[PDB]
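Contents: one structure, followed by commentary.
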Amino acid sequence: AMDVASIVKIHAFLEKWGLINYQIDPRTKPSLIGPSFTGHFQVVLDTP
Amino acid sequence: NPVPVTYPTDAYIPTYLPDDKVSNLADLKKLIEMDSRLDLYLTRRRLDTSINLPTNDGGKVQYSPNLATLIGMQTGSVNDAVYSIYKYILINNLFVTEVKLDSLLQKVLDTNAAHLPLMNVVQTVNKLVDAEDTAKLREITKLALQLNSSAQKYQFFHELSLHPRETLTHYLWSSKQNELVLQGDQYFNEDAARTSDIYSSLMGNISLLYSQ
């Protein structure tokens, strides 16, 4: 229910940094191991 | 072009020492500037000019009876010949500036073209006829670097007196960041690169390589 100017502004902002609608195919980029080595990862979330 | 050498030729002779504790440094600066002015007078007199033979064994040449009419002499060095021929081409205003050959030049050159470049003219003219200073400059530049070393150690300890908290944390970070650089090439030494001990990031690298 936001005004159109802000909706298009935030949408172009998110698309600028490639957070949404990022044109990419994973068949042309090979995999790799990051500086962070293998470990044991968890994501803590607030109780719903 | 000057030839590059393998040893330092000069040194900056630093000037961050306190000029009220160490004395006679300005005496050194005055002596160096004076030696810098005592050789600008020598190099000048090495390019010295001399006028010793306008007119005045192979230095003496007998001129032909034809060229003896453009010179006034019958013998003399080749320098006098080419100089006096040029002077004759110059006095009579023969160069085209609006060389145009004169009447007697027709005979002396045996040419009837009446117009010839000066290059051909002088062609027809020919057709008709030290260690010790290096040691001193290395000994001095071997002391201005010892001075440039003691001055750096003074600069360090003096900048350690003021702000010791700032210098010590820099020393501890330089240490923790340089002992790592020196320990980066101890993995490839040909006696620990064929014993299969370092092959069990040398595993993600083969992933990047195979993809490449």
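Labeling convention for the structure tokens: chains A, B, ... as they appear, residues from 1 per chain, ligands from 1 in order of appearance.
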Which residues of chain B are close to chain A, meaning at most 8 Å apart when you count only C-alpha atoms, and how do they look as a PDB file with C-alpha atoms, in the first residue's frame?
ATOM      1  CA  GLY B 204      40.946 -26.027  -3.784  1.00  0.00           C
ATOM      2  CA  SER B 207      39.712 -27.284  -8.428  1.00  0.00           C
ATOM      3  CA  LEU B 208      40.383 -23.819  -9.814  1.00  0.00           C
ATOM      4  CA  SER B 211      38.147 -25.501 -14.118  1.00  0.00           C
TER       5      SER B 211
END
Report task. Find the spatial neighbours of residue B:94, counting only C-alpha atoms, within a cut-off of 12 Å - ignore same-chain residues fewer than 3 positions away - and output them as a PyMOL selection string. Result -> chain B and resi 86-91+97-103+105+114-118
**Report entry** helix (DSSP H, G or I) call set, DSSP backbone run, stretch 53-204 of chain B, as a PyMOL selection string
**Finding:** chain B and resi 67-69+78-91+104-109+118-128+132-140+144-161+164-178+204
Report task. Pick out each residue of stretch 17-183 of chain B that DSSP on the backbone tags as strand (DSSP E or B); I need them as a list in words. Result -> residues 61, 62, 75, 76, 100 and 115 of chain B
